[PDB]
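# Geometric and topological summary
Now for the letters of each chain:
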Number of protein chains: 4
Amino acid sequence: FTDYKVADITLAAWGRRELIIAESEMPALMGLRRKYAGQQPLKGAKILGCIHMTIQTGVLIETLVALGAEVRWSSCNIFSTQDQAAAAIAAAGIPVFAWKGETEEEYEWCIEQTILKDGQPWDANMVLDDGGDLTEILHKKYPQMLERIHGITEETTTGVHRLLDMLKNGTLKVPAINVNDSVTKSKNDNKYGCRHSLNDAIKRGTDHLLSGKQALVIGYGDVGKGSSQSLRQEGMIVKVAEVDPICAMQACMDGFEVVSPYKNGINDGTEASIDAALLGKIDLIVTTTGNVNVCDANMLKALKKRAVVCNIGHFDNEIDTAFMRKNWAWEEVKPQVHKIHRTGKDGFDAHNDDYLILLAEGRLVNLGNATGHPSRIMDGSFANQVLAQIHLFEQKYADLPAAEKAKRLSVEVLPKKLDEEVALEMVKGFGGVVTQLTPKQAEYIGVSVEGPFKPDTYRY
Amino acid sequence: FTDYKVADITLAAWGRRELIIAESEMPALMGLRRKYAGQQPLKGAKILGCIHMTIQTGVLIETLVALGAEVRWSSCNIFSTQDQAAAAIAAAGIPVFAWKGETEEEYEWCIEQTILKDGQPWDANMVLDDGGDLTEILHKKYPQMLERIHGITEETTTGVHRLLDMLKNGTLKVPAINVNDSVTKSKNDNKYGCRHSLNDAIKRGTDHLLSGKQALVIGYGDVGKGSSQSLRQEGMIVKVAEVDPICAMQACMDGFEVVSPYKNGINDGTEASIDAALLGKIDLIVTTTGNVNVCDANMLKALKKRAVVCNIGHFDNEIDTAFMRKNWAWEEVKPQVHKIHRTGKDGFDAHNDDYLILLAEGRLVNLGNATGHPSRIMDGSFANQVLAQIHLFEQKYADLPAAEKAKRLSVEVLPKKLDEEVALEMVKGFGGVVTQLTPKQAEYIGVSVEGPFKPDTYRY
Amino acid sequence: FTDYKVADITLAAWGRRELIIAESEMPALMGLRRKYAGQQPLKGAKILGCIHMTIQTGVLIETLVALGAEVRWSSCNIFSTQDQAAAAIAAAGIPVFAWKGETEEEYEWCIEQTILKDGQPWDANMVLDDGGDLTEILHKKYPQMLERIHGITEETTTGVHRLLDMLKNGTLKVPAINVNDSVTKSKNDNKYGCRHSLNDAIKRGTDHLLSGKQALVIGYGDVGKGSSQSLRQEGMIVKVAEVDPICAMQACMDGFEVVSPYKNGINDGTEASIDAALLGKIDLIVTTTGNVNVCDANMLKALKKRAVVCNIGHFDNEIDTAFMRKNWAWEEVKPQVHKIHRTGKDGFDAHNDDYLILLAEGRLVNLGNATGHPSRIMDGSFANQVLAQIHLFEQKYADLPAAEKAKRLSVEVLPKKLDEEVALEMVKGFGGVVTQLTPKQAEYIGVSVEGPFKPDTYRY
Amino acid sequence: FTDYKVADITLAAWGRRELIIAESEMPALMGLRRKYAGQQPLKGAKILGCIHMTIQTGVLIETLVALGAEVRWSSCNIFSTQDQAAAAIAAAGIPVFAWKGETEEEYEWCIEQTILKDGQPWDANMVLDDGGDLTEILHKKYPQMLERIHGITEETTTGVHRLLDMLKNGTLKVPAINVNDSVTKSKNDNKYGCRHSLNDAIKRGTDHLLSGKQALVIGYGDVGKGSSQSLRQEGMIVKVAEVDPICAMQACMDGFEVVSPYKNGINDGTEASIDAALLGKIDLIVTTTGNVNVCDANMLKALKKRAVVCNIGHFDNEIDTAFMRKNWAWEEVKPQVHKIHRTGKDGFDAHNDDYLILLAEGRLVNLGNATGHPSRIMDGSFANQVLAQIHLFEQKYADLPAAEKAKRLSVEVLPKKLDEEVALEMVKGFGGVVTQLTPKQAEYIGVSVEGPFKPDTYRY
Ligand SMILES: NC(=O)c1ccc[n+]([C@@H]2O[C@H](COP(=O)([O-])OP(=O)(O)OC[C@H]3O[C@@H](n4cnc5c(N)ncnc54)[C@H](O)[C@@H]3O)[C@@H](O)[C@H]2O)c1
Ligand SMILES: NC(=O)c1ccc[n+]([C@@H]2O[C@H](COP(=O)([O-])OP(=O)(O)OC[C@H]3O[C@@H](n4cnc5c(N)ncnc54)[C@H](O)[C@@H]3O)[C@@H](O)[C@H]2O)c1
Ligand SMILES: NC(=O)c1ccc[n+]([C@@H]2O[C@H](COP(=O)([O-])OP(=O)(O)OC[C@H]3O[C@@H](n4cnc5c(N)ncnc54)[C@H](O)[C@@H]3O)[C@@H](O)[C@H]2O)c1
Ligand SMILES: NC(=O)c1ccc[n+]([C@@H]2O[C@H](COP(=O)([O-])OP(=O)(O)OC[C@H]3O[C@@H](n4cnc5c(N)ncnc54)[C@H](O)[C@@H]3O)[C@@H](O)[C@H]2O)c1
Ligand SMILES: Nc1ncnc2c1ncn2[C@@H]1O[C@H](CO)C[C@H]1O
Ligand SMILES: [Cl-]
Ligand SMILES: [Cl-]
Ligand SMILES: [Cl-]
Ligand SMILES: [Cl-]
Ligand SMILES: [K+]
Ligand SMILES: [K+]
Ligand SMILES: [K+]
Ligand SMILES: [K+]
């Protein structure tokens, strides 16, 4: 077996030990293996996967394979692979093209190695994506392959936005499931995963004390909620920025001061608009938005000396790292940790005090500087992925006549009953005991004893 | 002026001082007063109101009046009135029939005094309700009045469930707005209000140390989330019960142990099914469900001696207080605080150690033993109420032709843009500064710079 | 029986019900009753007591009486009495002179009624004091009575400071025990009691939401630690001031921003030295120092409109309330809650926005606006009081010859073994289980299996 | 230069970059460098140092050298060295013998290389120790060297206990300073350091989600306080064991349930005495005691399958790892992470579910699996070390006449004024501003405006 490319195949046994531990931390996903292994619901599925090649993703891949699938895999970020996980998957005879510290050229080459087998398009019929890069390449470069693909299952709110833009423009070629919008994904992974992993990554990269220091979290959606908690629970003094007044209300009620980098919140592009007094007191800035240029050049210029700058949104463009590359000298401390010297670009002084510390070159910091979300949290997201793969594969969209395809071409979420079933396995993993409604109580609130327990409008 | 009934009109000046302070804590609601006072959008409205006669409700009532309405008011709970608030409203020449410590007969009489003026139905044309009791009485006993009513604005998730049952059965006679499902209601009031007011009520009633003691919170919806936090932040060791596995998942991730009162969660009605070991260690039980008999007779029998029992859901039927009335002796400590002696019903021993402490006779504890939610939280709920009253009044359902009425007979929520506008005023009240999107950023995420900022599916 | 003065003797039965509950919350104190009742170690003791006449103090008084003492009692603060507690004690035939809302003249008259019985000095032979006022009156006005007194047991760090000044000057006439410096007093009561009771008092007085608002806590000793936690756990954004860099270090590490009201910390008496920007953002100031004028006139002038001002240190002079009385108009909201109108002193405008809310007229806010510390915390302080009374009474200093008195005239703390025994009863009250050392383990760390477990230098 | 032994000298540049960052996080220690560099107070000092060879210790070493000292260094634990720190120190021409993953034989050899230079005793005249191993070797094996040594500065509460045993027995040969008992050491490092670094180490070793899982912390001294917080802030459900009722009282008040591994707390050595129900629910056990066999063989047998076991006390003997070595098979996952298979000793099944995960082979977990305490915390401990070295070096005990030596042979602490001065530099590092007392306020509380601010009895 040679149809793979990883950093170091001798890391496989270490990865396999970590996969075995992870399986014990992932009861929803393992439960699906056990439930469906007889049936082989993914027999004949040929899945192109593009998602962070971590130990958690290894358990996902091996679940899909245990259910009958074949796969070809790549990472969706240049710094997120755990090389022992990639090695263990390759050593199992699964095609994977992923290593920590890819260049952009290598990143694109890895996705292409999944798409092509022996120099020609693979017989793919399903896509599992995280962020939409693989989806975009297939639509732009490999439309013939999409003719034979039954569906896309997309992990991220960023990627879903990209799918919805395509649907609106009539350019989406295959149906999709929005995995993000399961409650056991968005209100588990996006929030509690970042709670676990943000402070982890900052400690691993810097070993800085966080207690007593000042942080600014840009955004207060699910990731910004989790991130703010990650830092506050360590004793940081956390301030929060938002454009959405409802999320800002939540931040206030949650005990944070809501501030803007700009005077009166007005971002008009001048240095004069920056709240220099505010930014000059910040020790750590974290972007969480999924938006562009939310930690901009003028903000970077105004930050307190020796501040840490990082991004936990999907794509690096949240921070103006291009400005920093053009203007300032980068001193690498160790992989994924750079001092950015604001003195200029013509070399640097190792003892200069006027620098910022950038983590993961602005790429997702939890995966870049640590190991991303823990297995017991990714259990929820990845159980949803498996259920979504099963649903779209069984629907067989590619084999439908044109008129029937037109009725099915949509971006949908999984039903609440399945979200509940995933949650129950997670709860049992903690040793939790859910109460069963009596028939009188189920009648009283208007639900089945089996669920679903909430209307689709419920926000949790 | 004599068209009122309150405990003590001499409390009015104290109430008025507290209304003036509350106005300073309610910027959304005060902002609506300022914005709409010229236009008089509620000129000609005649509103029957049934909601807890607190200081916060006084600010609501006076906003409605300032916008042009006439009202006739009662409380929706026998213990929730603040007598100084009722007095201040009556002293202002507004019909109010409410006092703390009503009997059930008096409660019904008060609602009837709003409905009848001078012994005949008042020419009401709007309803503001909290829990659905007024709505039910109008449908059952005064259906002719509904022929002239343009709509109902309902505060509570309980009352909305009741309205949806009526709609489904074809018995709802006028359209309604579900105020609860604004984010600035459900994810503000239900959660943060109970966070503020649950520990407040327990301290006022008992003066018990909470730190280091064991609590069981039944339910983990919005009220159970806020309640659990109210107790955990004081240092309680909190366990959480749930029937909904998604809510139970949240509780686990939030750092609580998820337990059932019943062995393996099976509530089969025998004493043998009670987890006596668990209940024998609990110092405080709080019900949050909106369901029936979630703290049942067998649970009450198994609780640790001297445990506190209370309910923060809308109706008292969450706890089997009828069982306690039939079997055990009640020693009143002070109003809304009773020791329930498990020794029997034939008198009590003042020094008996085998008792429970019941707060507010099992009625909503925050309002019964304290003052309910604080003004700055109720600002959100009550701004929504005013917007909802304006919308339904302006739509004039009662005046529509039959075919037009058929198209508008619905239970609806307010638009997200208005939810956002309420939130923004709340945030400004904390001194928060919301950032404005640049045109490029608004394009990038697919929103208007003015909002709304999220799709209707977003859960916050 | 007529040898008492209370607000309303008909409150006795309510007080007695609350005493019975409190006994169930005070296992250390009740354990001393049970242990020593046979022996009657306080038979012949005649105790002048001056400490907050709360339910908790009632349990203390009745323990002393159960052990053989007779007492005459007063409160040590004009606003701290719970009138039902005072009534219950009077109804039991115990001389008590205390009510909530005394004037200064009445306060002094009440202490004098304890000292004098039937117009002549009582046959006192012990003193229990909280803050040193009774101790001072005896030394200045009744030195003949001190000849027959065996000792003073003093609750407070303020009062201990006053005792140590007297000892140093050679004016202390009888020995004392510093009850404060038991760990089960200072590191229980001073910290966790204020954690429980500060937010309680502010809610009762104002009903303000605390979450999301800005607080300044002046001091970070035991009370400032507890107070800061009381507010932070509610979601306040808390800043801390200190003069002691070690306590300030603790505040930083605990996750607070450490600030001064004065520019660069320099308090030189001018308006120019005030950090107006800082004070203009503060919603709540709490003094915790035991020092003088730590919330001074210039600070008061600079506070944000509608800020709440309160003091939880023993004496009101922490806040310059005299300045406010001389310059600004006081609008009483309700007892212990005043709006202080910064517009001037010539009447007030009920709708003026430029006011501060002062709680308890600057007197200890927890006792003034709520009920002070909870029974389960006061159990520790008051068990120490009883042990201290027993020790000094048994030593019989007054009966010693002059040369022997000279050897015993000291201010001392209780031995660690007794502090440990109190703590063990508290722990058992929570259902806690302490592990017993094996003989090998006790040898390994150099302690007895029975304790004491730490050297006297240990700080906990 | 060849007088060193490290893992990899090519790591030096990386170490030096991390030292430069650490200097920016250590203002107290850097401030001492600046203050004393002119004076060279350690000119002629020849310091044998034995303390964890981390980046933080590198800043300490280079401060000592900057003040005039020569040193010879080793680590005090086999797993605590950061190889890049050791390399940087060796590359600077400083003798260091330390690497991560020493054997016990290598550990002893490294200490011997500090003691011997060119095969003969070095002319050492000062000792800096952490845990007492170097001190013991000098007293037992090299007593002639102690004739020329002016003093020992000891980091740890374990090592101080060892010094006090020697003093009591008349076997201590040179005076010592107890560095641990500075408040800026014990109530900074022991508490907040473990708060930072315990959860860090567990995440690095296992990548386990902690939220929602059950932990047992054995001990509630400074390390157990910080450790419990490290876990609770992540959402663990933490129970605490203690032998000291005062520490157990604190745990209850801090919101933890206090439990014993043994039924009724009685550790009589039989399996029957183990509370199997309790231990069978524990996911993580952490020992913090400084005692022996506090996680014993019978406890290990009863723990829930797949529990994590670790120790953060100074020595590994807290956990019965010898029992595990004799009876159970060890599967290495990666360095400092072993699965201990309870199935037996004859090989292991890679898929066995009945194992425990042991971190750092039971040695101090924060240093073994992460990087120990962060620089900004170690600044306090290490500033104290430098002050202590200066004091004892300047006192010149070895040169004193016999009668003079007898008066100075003691174990002492640094003065409070110096503790305060360290704290002040720490506070300024956070941007904190300490208030200066006015003359009137200093008089009122009986202190100098310059401090010290508290009596020596104050516990903070
Ligand atoms: N690193 C991880 O493991 C991880 C985990 C989950 C999600 N994500 C990624 O994080 C991003 C955010 O995801 P989410 O679920 O929080 O989305 P979300 O929509 O819940 O929240 C994003 C928030 O950013 C706010 N925002 C937008 N522009 C802003 C600006 N200029 N200033 C301040 N606030 C602004 C929005 O109002 C919104 O509330 C996405 O790219 C998502 O894919 C990363
Ligand atoms: N006292 C107050 O001020 C206040 C504030 C807001 C809402 N409320 C009332 O509180 C109630 C709950 O409101 P909410 O917004 O939390 O509703 P919700 O639907 O968000 O939550 C109720 C929860 O109870 C759970 N539940 C139902 N039966 C259960 C059982 N037998 N055991 C355990 N859990 C069970 C459900 O699964 C659900 O998650 C309603 O009656 C509402 O009107 C009171
Ligand atoms: N209300 C209550 O129930 C209650 C409970 C316990 C103690 N107390 C009282 O509270 C007071 C404080 O007691 P404590 O045990 O915290 O004493 P403490 O000595 O532990 O702490 C007082 C703190 O105030 C600081 N301080 C002094 N002057 C200051 C200034 N100008 N600015 C800022 N900080 C300053 C000191 O450095 C010290 O750390 C005493 O009067 C005590 O009797 C009240
Ligand atoms: N890993 C680190 O970085 C680090 C940091 C500081 C201290 N330490 C070490 O940690 C240890 C503890 O230090 P500390 O400052 O907390 O000491 P401490 O004396 O403050 O606390 C130890 C606690 O253990 C308790 N204890 C003793 N035997 C027990 C038993 N059988 N069961 C339960 N509790 C028991 C004691 O009562 C005491 O309260 C020492 O070995 C110290 O050197 C390690
Ligand atoms: N202070 C207060 N005034 C009026 N309504 C309140 C209140 N506190 C809680 N409520 C409302 O009471 C509802 C339940 O009947 C939930 C909440 O909207
Ligand atoms: Cl996402
Ligand atoms: Cl509701
Ligand atoms: Cl005190
Ligand atoms: Cl130590
Ligand atoms: K991970
Ligand atoms: K209220
Ligand atoms: K009390
Ligand atoms: K470190």
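Residues numbered from 1 in each chain as written, not as in the entry; some residues may be left out. Chains lettered and ligands numbered in written order. Heavy atoms only, no water.

## Regarding the interface of chain B and chain A
Stated formally: Any two residues whose heavy atoms approach within 4.5 Å at even a single point are treated as in contact. Here's the idea: put two parts together, see how much 1.4 Å probe accessible area each one loses, and the total over both is what we call buried area. Should a side-chain nitrogen of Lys or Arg be within 4 Å of a carboxyl oxygen of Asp or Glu, the pair is scored as a salt bridge. Polar contact is defined as a pair of N or O atoms within 3.5 Å, subject to the rule that within protein one atom must be able to donate a hydrogen and the other to accept it, and that residues adjacent in sequence are counted only when both atoms are side-chain atoms. Secondary structure elements follow DSSP: runs of H or I no shorter than four residues count as helices, runs of E no shorter than two count as strands, and numbering proceeds from the N terminus.
Opposite the 66 residues of chain B that make contact, chain A presents 67 residues. Overall, the association of chain B and chain A removes approximately 6,100 Å² of surface from exposure, summing both partners, and the carbon and sulfur fraction of that is 60%. Looking at the side of chain B facing chain A, the largest losses of area belong to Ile246, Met253 and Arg459 of chain B, adding up to 14% of the total buried there. Counting across the interface, chain B meets chain A through 2 salt bridges. With a closest N to O distance of 2.8 Å, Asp244 of chain B and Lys454 of chain A form a salt bridge. At the boundary of chain B and chain A, one finds 26 residue pairs in polar contact. Looking at the side of chain B that touches chain A element by element, the count peaks at 8 residues for helix α11 (residues 245–253) of chain B.

## Thoughts on the coordination of the potassium ion (ligand 11)
Six octahedrally arranged donors around a metal ideally form angles of 90 or 180 degrees; four tetrahedrally arranged donors ideally form angles of 109.5 degrees. Here is the rule: In this analysis a donor is any N, O or S atom within 2.8 Å of a metal ion (3.2 Å for sodium, potassium and calcium), and since water is not included, sites may seem incomplete. Burial classes: relative accessible area under 20% of the type maximum marks a residue as buried, over 50% as exposed, and values in between as partly exposed (1.4 Å probe, protein chains only).
Each protein donor to the potassium ion (ligand 11) is listed here as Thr371 of chain B (O), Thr371 of chain B (OG1) and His373 of chain B (O); together their distances run 2.7 to 2.8 Å. An identical accessibility class is assigned to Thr371 of chain B and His373 of chain B; each is buried.

## Some details on the relation of the copies chain C and chain A
To keep things clear, this is the line we draw: The atoms used to superpose the copies are the C-alpha atoms, and the fit is by least squares.
Here chain C sits on chain A after a turn of 180 degrees about the axis and a move of 0.0 Å along it, with an RMSD of 0.0 Å. Within this description, the copies of the chain are treated as partners about a two-fold rotation axis. In terms of C-alpha distance to the rotation axis, chain C has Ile237 of chain C as its closest residue, with the C-alpha 4.2 Å off the axis. The residues that chain C uses at the interface reappear at the interface of chain A in 100% of cases, marking a shared surface.

## Topic: the relation of the copies chain B and chain A
Rotating chain B by 180 degrees and moving it 0.0 Å along the rotation axis overlays it on chain A with an RMSD of 0.1 Å. A symmetric contact is evident, with 100% of the interface residues of chain B recurring at the interface of chain A.

## Re the environment of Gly269 of chain B
Examined against the element boundaries, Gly269 of chain B turns out to sit in the loop between β11 (257–258) and α12 (276–279). Measuring from C-alpha to C-alpha, the distance between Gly269 of chain B and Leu210 of chain B comes to 31 Å, with 59 residues separating the pair along the chain.

## Quick look at the site of ligand 2
To keep things clear, this is the line we draw: Any residue with a heavy atom lying within 4 Å of a molecule or strand is counted as near it. Only the protein chains shown count as cover for residues, and the accessible areas themselves come from Shrake-Rupley with a 1.4 Å probe. Classification used: nonpolar for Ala, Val, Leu, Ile, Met, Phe, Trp, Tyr, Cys and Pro, charged for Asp, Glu, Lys and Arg, polar for all others including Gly. Here the limits of each domain have been adopted from an automatic or database domain assignment.
Of all residues adjacent to ligand 2, which total 31 residues, the nearest are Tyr458 of chain A together with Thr158, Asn190, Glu242 and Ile312 of chain B. Ligand 2 is flanked by residues contributed from chains A and B. With the chains in place, 92% of the 860 Å² that ligand 2 exposes on its own is no longer accessible. The set of elements that each furnish at least two residues to the shell around ligand 2 consists of α8 (157–169), α9 (183–206) and α10 (222–232) of chain B. In terms of residue count, the dominant contributor to the shell around ligand 2 is α9 of chain B (3 residues). Counted by class, the shell around ligand 2 contains 11 nonpolar, 15 polar and 5 charged residues. Counting only domains with at least three residues in the shell around ligand 2, you end up with domain 1 (1–191 + 373–432) and domain 2 (192–372) of chain B.

## What about the state of the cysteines?
Put plainly, a disulfide is one covalent bond tying together the sulfur atoms of two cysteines. Residue and element names in this part refer to chain A. For clarity, the cut-off: A pair of sulfur atoms, both from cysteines and within 2.5 Å, is called a disulfide here.
For the coordinates displayed, the defined rule picks out 0 disulfides over all chains. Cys310 carries a free sulfur, and the closest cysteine sulfur to it, the one in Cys295, is 9.7 Å from it. When its relative accessible area of 1% is taken as the criterion, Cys310 is described as buried.

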